[PDB]
Each structure stands twice: as C-alpha cells, then as structure tokens.
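Top to bottom, those sequences are chains U and Z. Read in order, the letters of the first sequence are residues 11 to 247 in the working numbering. Read in order, the letters of the second sequence are residues 224 to 523 in the working numbering. To keep things clear, I will list the structure first and then write my remarks on it.
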Amino acid sequence: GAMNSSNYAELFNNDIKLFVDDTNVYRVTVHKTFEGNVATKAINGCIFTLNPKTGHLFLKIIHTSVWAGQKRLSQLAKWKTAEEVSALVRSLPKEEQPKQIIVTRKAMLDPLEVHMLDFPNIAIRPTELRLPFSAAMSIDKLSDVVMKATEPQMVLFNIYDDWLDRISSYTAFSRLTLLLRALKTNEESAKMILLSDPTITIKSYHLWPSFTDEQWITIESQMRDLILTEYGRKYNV
Amino acid sequence: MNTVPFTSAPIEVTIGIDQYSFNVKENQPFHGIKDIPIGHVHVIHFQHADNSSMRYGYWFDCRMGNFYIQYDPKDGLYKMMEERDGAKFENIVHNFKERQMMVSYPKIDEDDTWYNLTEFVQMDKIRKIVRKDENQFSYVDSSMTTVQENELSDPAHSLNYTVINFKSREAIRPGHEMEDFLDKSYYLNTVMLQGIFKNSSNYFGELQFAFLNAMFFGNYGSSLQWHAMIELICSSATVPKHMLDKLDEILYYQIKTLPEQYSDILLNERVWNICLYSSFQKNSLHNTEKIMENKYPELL
Ligand SMILES: CN(C)S(=O)(=O)Nc1ccccc1Br
Numbered sequence: 011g012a013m014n015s016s017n018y019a020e021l022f023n024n025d026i027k028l029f030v031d032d033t034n035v036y037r038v039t040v041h042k043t044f045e046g047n048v049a050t051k052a053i054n055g056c057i058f059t060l061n062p063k064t065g066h067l068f069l070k071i072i073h074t075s076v077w078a079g080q081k082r083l084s085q086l087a088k089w090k091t092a093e094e095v096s097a098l099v100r101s102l103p104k105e106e107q108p109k110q111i112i113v114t115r116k117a118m119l120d121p122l123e124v125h126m127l128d129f130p131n132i133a134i135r136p137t138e139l140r141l142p143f144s145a146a147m148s149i150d151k152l153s154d155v156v157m158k159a160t161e162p163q164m165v166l167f168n169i170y171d172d173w174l175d176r177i178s179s180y181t182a183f184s185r186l187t188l189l190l191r192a193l194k195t196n197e198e199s200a201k202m203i204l205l206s207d208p209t210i211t212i213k214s215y216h217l218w219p220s221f222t223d224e225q226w227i228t229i230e231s232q233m234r235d236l237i238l239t240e241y242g243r244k245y246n247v
Numbered sequence: 224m225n226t227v228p229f230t231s232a233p234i235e236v237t238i239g240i241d242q243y244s245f246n247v248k249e250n251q252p253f254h255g256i257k258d259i260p261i262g263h264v265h266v267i268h269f270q271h272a273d274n275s276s277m278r279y280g281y282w283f284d285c286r287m288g289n290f291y292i293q294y295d296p297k298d299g300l301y302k303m304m305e306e307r308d309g310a311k312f313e314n315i316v317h318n319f320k321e322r323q324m325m326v327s328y329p330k331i332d333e334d335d336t337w338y339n340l341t342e343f344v345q346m347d348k349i350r351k352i353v354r355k356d357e358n359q360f361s362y363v364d365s366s367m368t369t370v371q372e373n374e375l376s377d378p379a380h381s382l383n384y385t386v387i388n389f390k391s392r393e394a395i396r397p398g399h400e401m402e403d404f405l406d407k408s409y410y411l412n413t414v415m416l417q418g419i420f421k422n423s424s425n426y427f428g429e430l431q432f433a434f435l436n437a438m439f440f441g442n443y444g445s446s447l448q449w450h451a452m453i454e455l456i457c458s459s460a461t462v463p464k465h466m467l468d469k470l471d472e473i474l475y476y477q478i479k480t481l482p483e484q485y486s487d488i489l490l491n492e493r494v495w496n497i498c499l500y501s502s503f504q505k506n507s508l509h510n511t512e513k514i515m516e517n518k519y520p521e522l523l
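Here it is, written out as structure tokens:
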C-alpha cells in the first residue's frame, strides 16, 4: 500500500527500493511574446531517482530536445519518466533491481505500472508523505549538471556524501529531507546557512559541505528554525 | 410458439421469463410458460419467496430441444431438464394447454425490448462462457464468479468471460506504452476484435450477455465484464462507425430496461462519465447520453 509515517522504517531495511520524483522533469519559463501573448520555453529537467538506504542517486537529465514537436507535455513528462525508470531497472543486474518503486506523486502510478509490466514482482507504491525532492534543483552541483547538458545524460551521485561512514541511513535521510525542506521553503536563507562559514568547504566529489558532527547539529537546528519561522511568516503566528 | 412446461410448483417462488415475472404460490397449480417467441435466446429465472438470496436461472434456445422445469427437493431448486421423447413432450404440453394451467409469454406486439437486449447473443457462445457441455441450456446464479475474479475458486462453476485487462502485456505493445494505454484502439481492433472475438457481433453478444446476467442475477463479475467491454470501446479513438452506432443502440435499451432502483449498484460512475463526457466517444453515443441524463442524472 501507500508509504506513510507508520511504515517509515521500511525505507531503511535491506529490500532494495527507489523513490522516483518527477517534479523537475518538465520545466518551463513563462514569457510574453511580441504580440503580447504568453508562451513557454522549456529548460532542461531531471528525474530524481534515489535509493534512500544507500544514498545512490540516479539523476537522469531530461534535455529540452525530448519535447520538440510533442503535445500535452505535462502528460508526456509522466510517461517519459516511466520510460526512463524502466530503462534504468533493465540496465541493472537482477540482484540490484529494486523490489519496490515509490513514486512521490500519484499521477506516476499508472505510467510506471504500464512501463514495468515486464517486472510483475516490482511493487509500484504511492506515498502519503509530502517529500521535498522538488528542491533537488536547489543543490548547486545538481542544477549545474542539468543546465549544462547538451544531450540526454545519466549522472550518478551519492546524495549523502560520506555521511553513512558516521550515521545511519535513517539519520541520513532525515538530514537530507530537512535540508531539502529548508531549501524549498526559503532557498536563499537555507543556502546562506550552509555556506556562511567560508572555512567549511564542499569536497569536489561531494554535494554538501564537510561539516563535523557538532557542526551538523548546529546546521540542523538553523534549518529547523528557518522552517518554523517561514511557517509563521506565512500563516502569521 | 414454444413452451417450457413445469412438473409442479412445490415452493413459493417468483418466476422470471426474460424481462417478465410472476408470483407462484406454494403448490399452486402452475404448469409452465407457453407462447415463447422462437428465434431468440431466453432466460427463465427464479427467486424463492423464503430466500431472496440466490437468484438463479437457465439460458436456453427452444430450437435446441424440448426443455421443462421440475423442482428437485434434495438440491432445493427448480431444475431445467431435457425430454428427447418429442411425442411425450408434445402430448404433456397439449394437456396442460387444454387445462389452461400455463401463463402466456406476455409480449406486446409493438415491443422489441427483448430482441434489442439479445440481438447478438448466441446460445453457442453462452455455452462457452458457462461450461457444462452435457446440457443444451446454461445455469447461472447470483454468486458465480468469473475467471478473471478467480485469478485475483471452483473453475467448473465459473463464468468464462473474455479476460480484458488494460494494464497487461496483451493490451500494451512494447514501445507504445503511453500510446496504447491512452488510445486502446489496437487492443480493441487487433487483439480483441480481429484476434479473439473475430467480429463485432460476437463482442456485442458477450457484452449483452454480461449485462443480462448482471441485471437478472445481480451477478457482480458480470457487471464488471459489461463495464470493461464498454470502457474498451469508449477508450478507443478509432472504432468502426457501425460499431459505435450499434453500441449506442445496445446501451440505450440496457439503460432503458434497468430497474430505476438498481442504478446505484449496477452502474459504474467512472466508466459512464468517461464514455459520455471525457472519452473519444463523448460525442458518439447520442441516444445513450440522452437517456442517461434524463433517467440517472445523479450518477453523473
Ligand atoms: C407429466 N409430468 C407432470 S412429469 O413427468 O412430471 N413432467 C414432465 C416430464 C417430462 C416432460 C415435461 C414434463 Br412437465
């Protein structure tokens, strides 16, 4: 069934699973035309496919060329997502294929189920959680590779950097969703928090800064404060 | 005209013949139904006064034999049987007719309802859905499940309807996932019409038979089958014009005949709104849309 607060620890057991988030697949800017009408211009997108246990992120870059001459792009985007996830699964050795795929939006269920008919034993599941993966494009190195791409491309990342050397995947996922929730609520504040101290850098092979344990605790507190404030700033409290 | 005589009526029962029905009291001198139109299939069905559970009945065609009903007090139901001694059967039908102990199939001459509900229904196809090859007639009841239902437990007593499944490899060509799921024309026309049913008449016949099992026996899997066959046409962008026109007529008479009080259980809101308002065929079922809007506007 659906993934929710009650079956949360399932994400960190030893059954391979992937989250698929399609929010950033079809992205546009809206502008005015010379005649004063409105038009869209597509920009590069990505599928965010994540193993929450290991941190392995399969970032499939969606080049604007895939929309050329297509109609009903928002609907196509869901099917293209499904096609690419299915291709990913087929590319993996059998013992690395997921047992479950959890989609962050219910509209992906039918597209993915149909594309995965060859894998009847892979469960396709929705979730009741309001996960902040749309904020993945607020991570500078992920946005950078997406925007620079000139052709379809798969880029592999570990979204937890080296954290799993020191914390569990439950804790690593909690940190990730806090960071992303913060970046979604107030990107500028969130980014200020992460980079304010110039002496704490981001290694070339990492996405986030090289905080010590104590520094992560301070960071995490600042992100929680940010989120609660914006909640007030927004509902007036 | 054909006759289905009855050995006796030992238990109180509501007897249906096609869309007609009458109450028979316990041990009432009732000995069957005469003047049955030749050339159509028919269904004779039963609901005991003591048990509105289990509506049950028999699909038959008078051209395929002489049939009669006798109550079985061990199995506790009215059973259809065959008498191959034609002389003896004609003789038994004549005396009952002389003593006037038979009800007359009460067809109004202007009335084409039964023809319109059974236009494409064939006894030979019914016998492949309801497999009991030693009889020429076919027993159905409220509780029988369908093959597709059993897959998701006794197969001999199952309804072997053609399995339709929109999220199956049969429905979806590799490489045309989105195309074939949003426009089911290839599944309708190539897989089902050309491949399995051979022609649209056999398709419509199964569709009509599922509806009638749903209406007369409240058979849930039959309702599922009727809606699935409707939905497959309504979700196809490319359907022969003659099929659309005939479907509109088929569905019109089905909606017309449905009891006004059973619309809540026998009509799937989702499928009907798709056919009438969202689907490719939203503009192509004029008669069906008019009767649905005027008779069951709540459902929509
Ligand atoms: C004469 N009988 C009343 S019976 O024998 O019980 N009924 C019967 C037998 C064969 C054919 C039709 C009938 Br009705």
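Each residue gets a CB set at the ideal place from its N, CA and C atoms; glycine is no exception.
Taken in chain order, the unbroken stretches of beta strand (DSSP E) that lie wholly in the region 354 to 381 of chain Z and span 3 residues or more are 361 to 364.
Put simply, of Z:363, Z:225, Z:318, Z:443 the residue whose alpha carbon is nearest the alpha carbon of residue 485 of chain Z is Z:443.
In the three-state reduction of the DSSP assignment, residue 266 of chain Z falls in the strand class, which pools E and B. Distance from the CA atom of residue 258 of chain Z to the CA atom of residue 241 of chain Z, rounded to whole angstroms, is 13 Å. Closer than 7 Å to some heavy atom of ligand 1: that describes the Cβ of residue 315 of chain Z. Within the region 129 to 217 of chain U, the complete beta strand (DSSP E) runs of at least 3 residues fall at 133 to 135, 163 to 168.
Cβ neighbours of residue 436 of chain Z within its own chain (closer than 6 Å, five residues either side excluded): 363, 442, 445. In the structure shown, residue 244 of chain Z falls within a strand segment according to DSSP collapsed to helix, strand and coil. Separation of residue 218 of chain U and residue 499 of chain Z (C-alpha to C-alpha, rounded to the nearest whole angstrom) is 53 Å.
For the pair residue 226 of chain Z and residue 316 of chain Z, the CB atoms are nearer than the 8 Å cut-off. Between residue 349 of chain Z and residue 383 of chain Z, the C-beta spacing is not below 8 Å.
Shown here, residue 315 of chain Z sits in a helix according to DSSP, grouped into three states. Nearest to residue 429 of chain Z by C-alpha distance, out of Z:232, Z:480, Z:463, Z:470, is Z:470. Fully contained in the region 41 to 91 of chain U are the following beta strand (DSSP E) runs of length 3 or more, in chain order: 48 to 53, 55 to 60, 66 to 72.
Residue 271 of chain Z has Z:236, Z:274 as its beta-bridge partners, per DSSP. In this structure, DSSP gives residue 493 of chain Z a helical state, which the three-state scheme calls helix.
In terms of side-chain proximity, the C-beta atom of residue 321 of chain Z is found no nearer than 7 Å to any non-hydrogen atom of ligand 1. Secondary structure at residue 108 of chain U: coil, using DSSP grouped into helix, strand and coil. Residue 125 of chain U has a beta carbon lying within less than 8 Å of a beta carbon in chain Z. In this structure, the alpha-carbon of residue 160 of chain U lies about 45 Å from that of residue 463 of chain Z.
Secondary structure note for residue 347 of chain Z: its alpha helix (DSSP H) is the uninterrupted segment 346 to 352. Nearest CB-CB separation between residue 392 of chain Z and chain U: below the 8 Å threshold.
Of the other Cβ atoms in all chains shown, 16 or more fall within 10 Å of the Cβ of residue 256 of chain Z; this residue is therefore buried.
Annotation for residue 292 of chain Z: the continuous beta strand (DSSP E) segment containing it runs 290 to 295.
The beta carbon of residue 228 of chain Z sits closer than 7 Å to at least one heavy atom of ligand 1. Across the structure, residue 172 of chain U and residue 36 of chain U are spaced so that their CA atoms are roughly 31 Å apart. In the structure shown, the three-state DSSP call for residue 505 of chain Z is coil. Put simply, the CB of residue 401 of chain Z is near chain U, with a gap under 8 Å to one of its CB atoms. Contact with chain U is absent for residue 503 of chain Z, since none of that chain's Cβ atoms lies less than 8 Å from the residue's Cβ. Collapsing the DSSP output to three states places residue 99 of chain U in a helix. In the three-state scheme derived from DSSP, where H, G and I count as helix and E and B as strand, residue 463 of chain Z is classed as coil.
Nearest C-alpha to residue 330 of chain Z among Z:455, Z:237, Z:487, Z:224: Z:224. Beyond the five residues adjoining it in sequence on each side, residue 510 of chain Z comes within less than 6 Å, by CB distance, of 471, 475 in the same chain, given in chain order. One Cα belongs to residue 20 of chain U, the other to residue 460 of chain Z, and the distance between them is close to 42 Å. Beta-bridge partners of residue 280 of chain Z (DSSP): Z:268, Z:363. Proximity of residue 497 of chain Z to chain U, defined by a Cβ-Cβ separation below 8 Å, is not satisfied.
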